[PDB]
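Asks: So I pulled this structure from the PDB, and the sequence comes with it:
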Amino acid sequence: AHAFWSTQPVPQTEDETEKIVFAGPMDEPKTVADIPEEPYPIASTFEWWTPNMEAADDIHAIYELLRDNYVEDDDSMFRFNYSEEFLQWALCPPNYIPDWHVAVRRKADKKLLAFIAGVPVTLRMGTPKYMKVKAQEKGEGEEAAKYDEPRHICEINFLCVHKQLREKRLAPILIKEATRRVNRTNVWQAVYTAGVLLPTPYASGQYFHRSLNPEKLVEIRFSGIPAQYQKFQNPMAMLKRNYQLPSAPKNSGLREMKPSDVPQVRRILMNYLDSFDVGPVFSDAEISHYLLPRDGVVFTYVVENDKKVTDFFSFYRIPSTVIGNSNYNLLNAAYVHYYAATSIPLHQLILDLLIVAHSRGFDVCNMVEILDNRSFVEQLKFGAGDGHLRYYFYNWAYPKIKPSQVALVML
Ligand SMILES: CCCCCCCCCCCCCC(=O)SCCNC(=O)CCNC(=O)[C@H](O)C(C)(C)COP(=O)(O)OP(=O)(O)OC[C@H]1O[C@@H](n2cnc3c(N)ncnc32)[C@H](O)[C@@H]1OP(=O)(O)O
Ligand SMILES: CN(C)CCCN(C)c1nc(N(C)CCC#N)c2cc(Br)ccc2n1
Ligand SMILES: [Mg+2]
């Protein structure tokens with residue numbers, strides 16, 4: 001059924017995944033010397049292009065390709081509209097490898113036709129705790145801990161083929177070439193997410209949304225007035241009331257993160273994340289890049305009390321093109337990013353996120369049920385969306401885990 005994925009070092013069935021007990025690579029070890037130096041063959045009318053992320057023009061070209069040809073909902077109502085500033089932020093973290101950004105251009109006119117992006121990530125991806133002590137019960141502890149140390153791997157995002165070139169087996173070629181460029185740097189694993197089911201996810205989480213400006217959401221049919229709201233008249237008055245938030249944060253001590261916060265944010269994030277089976281490890285430089293506030297892009301607040309950062313939350317902005325619609329062109333969504341609470345209940349920290357998101361003009365807050373995201377769903381009036389984010393490894397055998405054991409937020 002899978003002409004491409006069947007040729008690949010990923011688990012091939014849900015069973016394979018359910019059986020696995022130890023984290024480890026699938027393929028036998030190779031060396032950089034084993035990997036072809038020459039790019040993978042491509043039709044003579046196309047050429048491989050490595051965009052420059054330091055070039056506004058290259059970013060612009062990538063932006064346009066994604067604006068018109070990237071992820072849409074199942075009903076072709078909405079298409080994500082990642083901004084140019086967002087892409088520069090996502091695509092160029094500290095110590096990024098320019099080579100891992102892989103594009104196909106039409107030779108004739110240099111039109112961008114397809115793209116895929118790899119970024120470095122340090123990831124804890126050793127045997128999960130629930131399989132690890134079961135390994136102890138069976139006297140298999142060292143095997144279970146072989147790959148406990150954080151690995152410097154590749155995170156894949158932004159795979160996109162132009163609508164005109166779809167279903168011509170171009171995506172497999174992109175994946176092959178990306179794999180090559182990554183292998184050539186002595187990296188053998190990748191982590192990636194998708195909304196579609198491919199072979200074979202190690203975890204899957206539902207999406208959740210929290211209406212911030214329900215009038216607009218209903219105008220654009222992101223939301224339908226639930227059947228039940230029509231037992232009164234003015235069900236848009238009641239809906240508004242339902243989703244109403246304060247104008248100002250409730251937690252004193254709440255302010256924007258600043259550069260001097262970096263070491264303390266790092267400490268408390270790392271302590272929180274380390275309790276999860278799969279999760280990133282960040283340098284100070286990475287904490288700076290991913291969490292310092294950045295206009296239109298990422299928004300980060302700390303609770304400091306007595307010159308001490310005790311809690312933080314972050315969200316990032318991804319608008320979507322509303323595909324028709326006379327009244328509206330854009331849906332303004334806040335996504336829950338990294339956070340940590342140590343002095344207050346998480347539901348109280350995240351309410352403040354919602355309050356801030358709302359004040360600054362976001363229409364909705366979204367998230368996946370990873371981290372401790374489930375704890376605040378009901379109180380904060382999140383509802384489960386359609387579809388799921390599926391988490392995958394390339395070349396890494398890994399047991400099925402619950403989404404609540406995953407600490408890697410994907411952009
Ligand atoms: C060590 C380093 C390793 C580095 C690489 C790690 C792996 C990277 C993995 C990529 C992670 C990306 C993570 C994200 O960015 S997820 C976001 C993906 N982007 C979109 O959904 C945007 C709109 N869609 C498109 O642009 C295209 O429809 C795409 C490009 C998705 C497929 O193009 P197209 O529709 O023109 O089809 P084709 O004829 O070229 O090819 C058909 C083959 O493609 C397989 N397919 C379909 N969708 C996906 C998908 N989302 N991930 C992986 N594979 C996918 C499919 O099963 C089939 O293979 P097989 O079933 O025949 O075997
Ligand atoms: C962590 N994260 C979901 C980032 C993804 C942002 N995007 C593009 C996104 N994607 C979504 N999907 C792919 C759902 C399709 C399935 N299965 C998505 C789905 C919903 Br529902 C709400 C927000 C979303 N936002
Ligand atoms: Mg294709």
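Replies: Happy to help now that I have it. Numbering: from 1, shown residues only. Ligands and ions are numbered 1, 2, ... in the order given.

Asks: Can you identify each of the helices in the stretch 151-300 of the chain by residue range?
Replies: 170-183, 214-219, 235-243, 262-273, 284-291 (DSSP state H, counting those that start in this stretch).

Asks: Now do the fourth one and helix 284-291, the angle between them.
Replies: By that I understand helix 262-273. Between helix 262-273 and helix 284-291, the angle comes out at 80 degrees (axes from the mean of the first three to the mean of the last three Cα atoms, to 10 degrees).

Asks: Now for residue 102, how many residues are close by?
Replies: 28 (other Cβ atoms under 10 Å). To be clear about C-beta, it is placed using only N, CA and C from the backbone, and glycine gets the same treatment.

Asks: Verify the stated contact: residue 355 with residue 244.
Replies: No - with contact defined as Cβ atoms under 8 Å, residue 355 does not reach residue 244; the gap is 10.8 Å.

Asks: Neighbour count: these two, which is higher?
Replies: residue 355 (19 against 10).

Asks: Helix or strand: which one has the more buried one?
Replies: Using DSSP states H and E, residue 355 falls within helix 346-359.

Asks: Which elements pack onto that helix?
Replies: Under the contact criterion of 3 or more Cβ pairs under 8 Å, 6 or more residues apart in numbering; DSSP states H and E, helix 346-359 touches strand 298-304, strand 309-322, strand 330-340, strand 364-368.

Asks: Return the alpha-carbon coordinates of the shortest one using PDB.
Replies: Backbone C-alpha positions of strand 364-368 (Å, rounded to 0.1, in the frame of the first residue of the first chain) are rendered in PDB as follows:
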ATOM      1  CA  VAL A 364      -8.700  31.300  19.300                       C
ATOM      2  CA  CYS A 365      -6.100  29.400  21.400                       C
ATOM      3  CA  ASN A 366      -5.100  25.900  20.200                       C
ATOM      4  CA  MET A 367      -3.000  23.100  21.500                       C
ATOM      5  CA  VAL A 368      -2.400  19.400  21.400                       C
END
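
Asks: Which residues does that strand contact?
Replies: 205-213, 217, 222, 315, 331-336, 353-354, 357, 373, 382, 385, 389, 403 (Cβ atoms under 8 Å, 6 or more residues apart in numbering).

Asks: ok so, going back, export the helix holding residue 355 as CSV, just CAs?
Replies: What follows is helix 346-359, C-alpha atoms only, in CSV (Å, rounded to 0.1, in the frame of the first residue of the first chain):
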residue,chain,number,x,y,z
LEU,A,346,-1.5,25.2,35.9
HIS,A,347,-5.1,26.1,35.2
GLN,A,348,-4.4,29.5,36.8
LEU,A,349,-1.2,30.0,34.8
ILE,A,350,-2.9,29.2,31.5
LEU,A,351,-6.0,31.3,32.2
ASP,A,352,-3.6,34.3,32.2
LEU,A,353,-2.3,33.0,28.8
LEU,A,354,-5.8,33.1,27.5
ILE,A,355,-6.3,36.6,29.0
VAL,A,356,-3.2,37.9,27.3
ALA,A,357,-4.0,36.2,24.0
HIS,A,358,-7.4,37.8,24.0
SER,A,359,-6.2,41.3,24.9
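
Asks: That helix vs strand 309-322, what angle?
Replies: 50 degrees.

Asks: Residues touching helix 346-359, excluding its own?
Replies: With Cβ under 8 Å, 6+ apart as the criterion, helix 346-359 contacts 210, 212-213, 245-251, 254, 299, 301, 303, 311, 313, 315, 334, 336, 339, 341, 365, 372, 375-376, 379-380.

Asks: residues touching residue 305, list them.
Replies: 252-253, 343.

Asks: interface residues of the stretch 51-200 of the chain facing ligand 1?
Replies: 69-71, 154, 156-161, 166-172, 175, 178-179, 182, 187-190, 192, 194, 196, 198 (Cβ under 6 Å from any ligand atom).

Asks: Return a ChimeraX selection command for the buried portion of the contacts of helix 346-359.
Replies: For the buried members of these, the matching ChimeraX selection, counting by 16 or more other Cβ atoms under 10 Å, is:
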select :210,212,213,245,249,251,254,299,301,303,311,313,315,334,336,339,341,365,372,375,376,380
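
Asks: can you tell me the residue of the stretch 1-150 of the chain closest to ligand 3?
Replies: Nearest residue of the stretch 1-150 of the chain to ligand 3: residue 114, at 7.6 Å (Cβ to the ion).
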